[PDB]
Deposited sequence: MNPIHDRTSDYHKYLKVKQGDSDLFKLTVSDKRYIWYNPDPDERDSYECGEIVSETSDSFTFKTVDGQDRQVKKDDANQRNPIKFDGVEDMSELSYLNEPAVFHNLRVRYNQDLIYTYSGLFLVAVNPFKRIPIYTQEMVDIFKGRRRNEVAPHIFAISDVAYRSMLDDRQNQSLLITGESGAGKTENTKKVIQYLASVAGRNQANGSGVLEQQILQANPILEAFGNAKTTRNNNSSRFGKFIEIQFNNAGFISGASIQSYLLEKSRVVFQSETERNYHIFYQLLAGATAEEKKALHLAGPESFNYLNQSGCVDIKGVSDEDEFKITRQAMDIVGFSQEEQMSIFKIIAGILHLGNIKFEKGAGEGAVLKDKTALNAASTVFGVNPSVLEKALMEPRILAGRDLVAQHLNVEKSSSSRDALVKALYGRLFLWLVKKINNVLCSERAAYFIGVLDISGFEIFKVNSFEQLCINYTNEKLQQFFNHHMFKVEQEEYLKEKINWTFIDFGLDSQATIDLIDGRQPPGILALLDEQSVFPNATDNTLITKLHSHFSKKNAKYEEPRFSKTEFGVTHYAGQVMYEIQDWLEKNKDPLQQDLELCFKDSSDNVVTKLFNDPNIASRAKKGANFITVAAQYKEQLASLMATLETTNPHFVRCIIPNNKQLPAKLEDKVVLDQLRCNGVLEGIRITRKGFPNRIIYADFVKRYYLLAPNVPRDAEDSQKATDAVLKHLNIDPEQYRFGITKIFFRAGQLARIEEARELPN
């Protein structure tokens, strides 16, 4: 058993190394320590101070410098006894303070132990290097083991979910959140690999392969290199792994949320557009290139503006293969693939269209190359296109009259088109995939959510509000859930909100919240950004406690979110909400000779939102998501980024701690710390502590009687612990004191 074979890779890579002895006296120490901030300005920066003396109410310790200081006992951040460094669950910690928590994570990370539990959560810190803990051999060790039986791992929470499903006949969910680059998508892919393996029907299976090939397809079209991650997911996703009554994988379905369409037409410096563009340019066959009027990235406006066309240690040509191979496995025909390619190319050509003026104020196409290129690949009438771009007919109530747009408006229109095409294509892909894997008649499911946690940038826009509104809801669900689950534990053992207000501000109908007001402004063609922001301040400024009207800025507003205050900039919200496309453009494309192209514009499912705004739509998708989640038994994973530099072996204190504060980890410890944080199995207590009392023997039947014995020996406050049917519950700091007692 690799599990009890101290020489196995399991032991080397997932466990804290065990020596020849386990004796209590090993860890004996005379010193006591306290975590302190050497600079009170740097609050997340701590050092360990050794305690020297104590008054009845305060502690006096020695700094690193050799300097002496004092602290109130009630404010002190005591350091846990060394026996606690590296524990697998932060819940076993006696002193539960911020520096203590950070420290356990750190001790673990130093030994490359990236996974740690924190009560209900599985905390996962990005290693930024490969650790061989995801092999088939690793998968087989985790099959059927209880949480406590094995080391923390994504595979373990995945197995727990699976056993619960079979045993309770209840659907399950895994929520994996955290910042960009924290490791969400990596862990998500591990869940799927694990499941496909433990629940798949292979004697060597097709379904299983298809399911596995699904994400690569989506990552090509929805991931991009950003400054925070070379493989950023520019969309949220919910994966439902479907099973039959017997527990075998039977299908799957995918839901996507919020694709960043704007990146297709603009990228920040150093970033890239979606991977596919590069993959196509790099691996199209010489025949494909000519058929697509293809060239180099440098030759395309949508690709030559960031200053970055490739990713280090990444071959777009080689990635292309992988992409195409997945499409093949999944079921896309050569034609369908072909058409996808034409679309991707066409978008590139549209991007090179240059509008010039002079005539007057109207726009003109002196050059017509690119137009022709795109026309061709799209299978549409170039002249129609031209006209639909520069001379859209607009409805003036009675009159349907074609407007002659200036270059700007003409450009912006082409851009809206590109965005419409890309976004529709992505939905088509997802629907396609779902058509192949989705089983109408599934018995049970395990759903995995891979989405960002709270987003707080310099500039926060409409997209960030959507994300933060999602996180307010997820966080609330977490809080409801932990509440029940702690309450249930106390019961089994026989021992003795703010969220809503922010949510209401956002999505309330009466009084109307932010989204309602935005939607209302959305029916007025002539409404502007000022109109809208004036309306928000009118309703909430000095009127809603979660809102803040800035002292000087006239284009922003603040929302107090769970993770802190966020300032939103209103620019372009109206447009974003309406996501407008000229009808003459829709007409142009409706007539495509291309089979997929046509679908993008003729299937209400892909072409239309429902008249629904973008906010309203989102609101609805969130509500269905939440509804499903509410029917599952949830599992929470929090992915943590170690630093903002993408480096291994560099766990930065402030970076980490900020994260732990935003994602709810610290609050749960806070909550937990309040009651009886430590809950030890009677038998286990005795094993270690029998020596402390001139009475008890390590091995006993009446473990409780034993436990009581020691407690009594040491003369411990009956308020410091509660007797449970199986566990002895301990208040914060108590266990540390015991550990601190002499043999």
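- Unmodelled regions (deposited sequence positions with no C-alpha coordinates, counted from 1) are 1, 206-208, 501-507, 622-626, 760-762.
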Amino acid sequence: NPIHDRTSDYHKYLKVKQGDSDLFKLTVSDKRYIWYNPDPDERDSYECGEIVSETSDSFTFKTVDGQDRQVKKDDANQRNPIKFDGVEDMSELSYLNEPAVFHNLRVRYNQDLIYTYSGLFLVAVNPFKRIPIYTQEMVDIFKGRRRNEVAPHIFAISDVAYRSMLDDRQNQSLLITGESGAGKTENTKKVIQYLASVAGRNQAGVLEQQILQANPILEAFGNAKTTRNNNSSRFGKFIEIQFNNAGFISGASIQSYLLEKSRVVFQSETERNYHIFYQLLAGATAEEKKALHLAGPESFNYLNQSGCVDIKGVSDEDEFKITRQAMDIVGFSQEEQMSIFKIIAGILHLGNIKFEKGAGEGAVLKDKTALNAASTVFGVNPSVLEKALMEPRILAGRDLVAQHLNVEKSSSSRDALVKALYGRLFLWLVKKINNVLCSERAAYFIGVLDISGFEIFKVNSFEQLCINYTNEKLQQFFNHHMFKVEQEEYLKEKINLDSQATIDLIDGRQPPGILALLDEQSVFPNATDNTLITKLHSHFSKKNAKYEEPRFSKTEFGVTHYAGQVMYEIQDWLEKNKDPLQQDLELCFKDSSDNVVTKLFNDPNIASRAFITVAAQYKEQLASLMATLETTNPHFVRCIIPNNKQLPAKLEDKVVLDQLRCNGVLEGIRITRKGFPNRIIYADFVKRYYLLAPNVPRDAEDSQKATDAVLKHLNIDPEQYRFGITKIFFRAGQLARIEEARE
From here on, numbers count along this sequence of modelled residues.
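- Note on 483-491 vs 339-347: mean CA B-factor is higher in 483-491.
- Of the two segments, 710-718 and 64-72, the one listed with the higher mean B-factor is 64-72 (C-alpha atoms only).
- Comparing the listed residues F457, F128, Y422, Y302, the entry records the largest Cα B-factor for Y302.
- Note on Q475, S268, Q521, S608: the highest value goes to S608, judged by CA B factor as recorded.
- Residue-level temperature factors show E440 in the highest third of its chain, judged at the C-alpha atom.
- When the modelled residues of the chain are ordered by their C-alpha B factor, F729 lands in the middle third.
- When the modelled residues of the chain are ordered by their C-alpha B factor, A326 lands in the middle third.
- Among the modelled residues of its chain, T628 has a C-alpha B-factor that falls in the lowest third, as given in the PDB entry.
- When the modelled residues of the chain are ordered by C-alpha B-factor, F24 sits in the highest third.
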